[PDB]
């Protein structure tokens, strides 16, 4: 959308000088529209095209800009209070809407406005930040976190305590992406724009960033920045040249098989009852 894009990219350049008071009504109404579109899935920060994920940098700008144009407000919890500038996604929903939207929200799961939640997903208690997109069939398990602008595929299982990197602090060039049908093992972390290709199974306690060597014991090939589709990755170490010590690395031990599929499947009985 050019009528929105334009205004957004104009303002971003004056980011540091914009405040909730000196901001003109145009930039305000706009930034707000672009956030409403992300909330709805009509726009998404990154998308795959011609087998390549592409980042719409300017949508990442509007996300950033919302923090310069909005002012904090007291939010009454019940036993405590909060003070923040990003509204709660579900604050206005009634049953009708939850009924039409088709997902399940387990207390005290929390989602910020500007994040897209797809039909048939289950959010156990966890956090979904602004601009993230969570596709169909996915479960975000206990204490997991879907970082700002992150892109999560359909039928994904983010295990308990899993963290998917955001792009706000520290600031990142690209969002983190988990393609369709992946299983991310408990307590694992995926950050810094790494891409986990479809059908991959990341074991527990695996940490993947741009500096992580993803080692393929079979080919001897060492990847960086992405997990090839259908891999099973687990933690290991690689030895120093002098065998003096070893440093952490991710090891692709094999390609997903029935033995693997046995342990990581989605439980349809927990999904939406048609």
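By rigid core we mean the largest C-alpha set that fits within 1.5 Å across both forms. Positions refer to the first chain, counted from 1.
Q: Report the stretch with the higher root mean square CA deviation, pooled over structures and residues in 4 other deposited structures of this protein, choosing between 167-175 and 90-98 after a rigid core fit.
A: Larger mean C-alpha displacement, comparing 167-175 and 90-98 in 4 other deposited structures of this protein, is found in 167-175.
Q: Select between 76-84 and 137-145 the stretch whose C-alpha atoms have the higher average B-factor in the entry.
A: That would be 76-84.
Q: Look up the CA B-factors in the entry and say which stretch, 152-160 or 94-102, has the higher mean.
A: Higher mean C-alpha B-factor in the PDB entry: 94-102.
Q: Reading the B-factor column of the entry, which of 52, 66, 235, 210 has the highest value at its C-alpha atom?
A: Top of the list by C-alpha B-factor: 52.
Q: Can you work out whether the C-alpha temperature factor of residue 228 puts it in the lowest, middle or highest third of the chain?
A: Middle third by C-alpha B-factor.
Q: For residue 169, does the deposited CA B-factor place it in the lowest, middle or highest third of the chain?
A: According to the entry, residue 169 has a C-alpha B-factor in the chain's lowest third.
Q: Within this chain, which third does the Cα B-factor at residue 198 fall in: lowest, middle or highest?
A: It belongs to the middle third of the chain when residues are ordered by C-alpha B-factor.
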